[PDB]
Chemist: 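The structure is given below, and queries will be raised subsequently.
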Amino acid sequence: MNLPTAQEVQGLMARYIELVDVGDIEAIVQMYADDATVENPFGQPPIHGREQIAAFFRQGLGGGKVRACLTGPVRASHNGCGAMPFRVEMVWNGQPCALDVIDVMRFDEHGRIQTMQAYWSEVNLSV
Amino acid sequence: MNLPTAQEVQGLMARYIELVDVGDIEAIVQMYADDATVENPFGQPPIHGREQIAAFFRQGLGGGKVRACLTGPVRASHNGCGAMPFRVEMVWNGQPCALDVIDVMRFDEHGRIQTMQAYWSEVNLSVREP
Ligand SMILES: C[C@]12CC[C@@H]3c4ccc(O)cc4CC[C@H]3[C@@H]1CCC2=O
Ligand SMILES: C[C@]12CC[C@@H]3c4ccc(O)cc4CC[C@H]3[C@@H]1CCC2=O
Ligand SMILES: [Cl-]
Ligand SMILES: [Cl-]
Ligand SMILES: [Mg+2]
Ligand SMILES: [Mg+2]
Ligand SMILES: [Mg+2]
Ligand SMILES: [Mg+2]
Ligand SMILES: [Mg+2]
Ligand SMILES: [Mg+2]
């Protein structure tokens with residue numbers, strides 16, 4: 001069996017959303033493997049490795065005006081993978097909005113995200 | 001239809017839990033590709049094809065009482081895919097249970113589910129009342 005137990009996958013993925021809810025970049029980017037991949041959104045060309053993932057997050061979060069929170073428990077397999085539902089709250093045209101997302105993560109043998117997919121699209125907006 | 005737009009996804013996946021909830025096995029199994037592949041749970045080998053899928057739904061839904069609902073919105077993409085959060089209420093050896101689940105699905109070029117991964121485990125079970 002290190003590779004997170006279904007249990008631990010729960011605590012980790014939950015820590016990711018808090019980092020994200022605070023905007024700590026640097027901390028987000030360390031939760032990933034050095035060579036990870038992000039598909040955000042799913043359906044698009046991946047990215048790859050921490051340098052590009054720090055940049056993605058710098059462009060997405062860095063300008064503030066983002067909160068996120070789980071909207072139900074993390075789900076977690078026996079192999080290293082979990083899925084979670086969350087909602088991001090931001091600001092469009094100077095007014096609130098939102099975005100409902102599901103991330104799906106696969107942790108390595110060191111408990112670092114290796115992959116991930118972020119399910120969403122424009123239907124998942126609102127006000 | 002053909003490959004389903006993000007909007008069409010949302011409707012197929014929400015129907016699918018309506019069918020699960022009502023327990024119309026036969027109409028569910030038909031929401032799949034005739035050779036679809038179910039990983040339920042994700043981590044355990046798959047199954048495959050409409051006869052083993054059926055068999056799985058009969059085993060899981062055939063006694064009535066299982067209630068399923070969506071606990072938030074279907075998330076949907078642009079490449080024929082979606083993911084959704086829900087909860088399954090079921091009584092297990094005298095007990096009242098619930099299992100929080102997320103299903104990830106891909107559809108086909110024909111509005112049929114080609115693959116389903118279900119994410120879950122005992123950390124998602126609660127012995128509680130619906
Ligand atoms: C960048 C983003 C906020 C941060 C979201 C985010 C953050 C972390 C994550 O694992 C997934 C996602 C999915 C959508 C992202 C939003 C798209 C538009 C926006 O303002
Ligand atoms: C089979 C099952 C009921 C039906 C659930 C179900 C139904 C549809 C679906 O797309 C995913 C799942 C995941 C869990 C399934 C339960 C595990 C124990 C049980 O009795
Ligand atoms: Cl939930
Ligand atoms: Cl949700
Ligand atoms: Mg916070
Ligand atoms: Mg490595
Ligand atoms: Mg908050
Ligand atoms: Mg119903
Ligand atoms: Mg086919
Ligand atoms: Mg109901």
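Atoms within each ligand, like the ligands themselves, are counted from 1 in listed order. Proteins get letters first, then strands, A, B, ... in listed order; numbering begins at 1 in each.
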Chemist: Under 3.5 Å, is there a donor-acceptor pair linking the side chains of A:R112 and A:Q30?
Modeler: no
Chemist: Which protein N, O or S atoms does the Mg ion (ligand 8) have within a distance shorter than 2.8 Å?
Modeler: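 Near the Mg ion (ligand 8), below 2.8 Å, one finds B:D21 OD2.
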Chemist: Are A:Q44 and B:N79 linked by a side-chain donor-acceptor pair shorter than 3.5 Å?
Modeler: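 No, because no side-chain N or O of A:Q44 sits under 3.5 Å from a partner of the opposite role on B:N79.
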Chemist: Indicate the atoms forming the closest heavy-atom contact of B:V29 with B:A54, along with that distance.
Modeler: CG2-CA, 3.7 Å
Chemist: Are A:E122 and B:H78 linked by a side-chain donor-acceptor pair shorter than 3.5 Å?
Modeler: yes
Chemist: For residues A:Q117 and A:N40, is any side-chain donor paired with an opposing acceptor at under 3.5 Å?
Modeler: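 There is no such pair between these side chains.
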Chemist: If you compare all heavy atoms of B:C81 against all heavy atoms of A:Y119, which two are closest, and at what distance to 0.1 Å?
Modeler: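 Looking at all heavy atoms of both residues, the shortest contact is CB-CE2, 4.3 Å.
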